[PDB]
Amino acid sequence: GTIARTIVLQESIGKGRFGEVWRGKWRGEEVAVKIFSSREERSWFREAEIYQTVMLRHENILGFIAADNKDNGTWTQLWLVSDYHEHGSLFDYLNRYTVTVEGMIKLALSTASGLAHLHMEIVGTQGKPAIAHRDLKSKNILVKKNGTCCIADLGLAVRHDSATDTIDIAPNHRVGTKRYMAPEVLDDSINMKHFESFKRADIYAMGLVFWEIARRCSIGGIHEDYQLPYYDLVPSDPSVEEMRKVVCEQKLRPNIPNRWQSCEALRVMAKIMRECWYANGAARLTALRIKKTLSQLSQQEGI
């Protein structure tokens, strides 16, 4: 179509299970283009559908430009064009850098604000349904030039129909990254007909991401090396059984260093983490409550 024909792909930057991400140039501006083959039309269409949800746009959700198709003369490529963020993922950013207390709060508050918007139902003619991500992780959050985050990779999301309390694609199977699966998803006790259960599972994953950020917060030159949650308990690319044994059976969570109690911002972050990690999803904080707590902390810090 008219957009793809004017885009020049400059570099393949990431390959995943669902499409390949390229850096391209559109109207002289850098854009990200996720490309799918003809046999991945269902994943491409579903991701285009989620990104076109009414009132979805928000500073902390990846800005979607358009879906399109490009025929090179041999085969067709299915495209999803979005904003490009040079820093890449929060995982890449946290591996490359340490952050200040201000930096950590900006990353955590922006992630929570994005998740609170995703989770929020807006009633009305131009209403927005509540959406649960189902695959939140540091590799799926991007970092903008201004040091704030935006949630991306919304292709596995589910949307709620509040009038009937049903889910648009009626999920019947586990999806997502095993390391970040909530206890109820690992032991298959989650009620997949209950939309609020998917929101609660996203909060557990956000707690893990907050732990990744807090390790990189450098105060007086003191910080931890970058690690994925559960690096100390499971192998790389862990199985559901490996994760379940640790999270559900042994009931372990990522370690919270004692020294995080010595700094008010780290104390607030550690308390949020614990309150995201409860085995009972109904006891977890909501994204809106986390946004409120961190906004109160950001104001206090003078960010």
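Throughout, we count residues from 1 along the sequence that is shown. For clarity, a rigid core is taken as the largest C-alpha set superposing within 1.5 Å between two forms.
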note = Superposing the other structures by the rigid core, the farther-displaced stretch by RMS over CA atoms in 5 other deposited structures of this protein, of 255-263 and 270-278, is 255-263
note = Should one compare 218-226 and 69-77 by root mean square Cα distance from the shown form in 5 other deposited structures of this protein, core superposed, the larger belongs to 69-77
ask   = In at least a third of the other entries we lined up, does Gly155 end up with no coordinates?
value = no
query = In at least a third of the other entries we lined up, does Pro171 end up with no coordinates?
reply = yes
Mean C-alpha temperature factor, higher of 204-212 and 185-193 = 185-193
message = Quick check: 8-16 versus 21-29, which has the larger average CA B-factor in the record?
response = 8-16
request  = Can you pull the Cα B-factors for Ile272, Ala67, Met243, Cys263 from the entry and say which is highest?
outcome  = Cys263
request  = Tell me which of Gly220, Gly114, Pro129, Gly155 tops the list for C-alpha B factor in the record.
outcome  = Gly220
remark   = Split the chain's modelled residues into thirds by Cα B-factor; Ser236 lands in the highest
note = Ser43: CA B-factor among chain residues, third -> lowest
Relative C-alpha B-factor of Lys251, binned into the chain's lowest, middle or highest third = middle
key: Third assignment of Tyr226 from its chain's C-alpha B-factors   = middle
request  = Give the position of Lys178 by CA B-factor within its chain, expressed as the lowest, middle or highest third.
outcome  = lowest
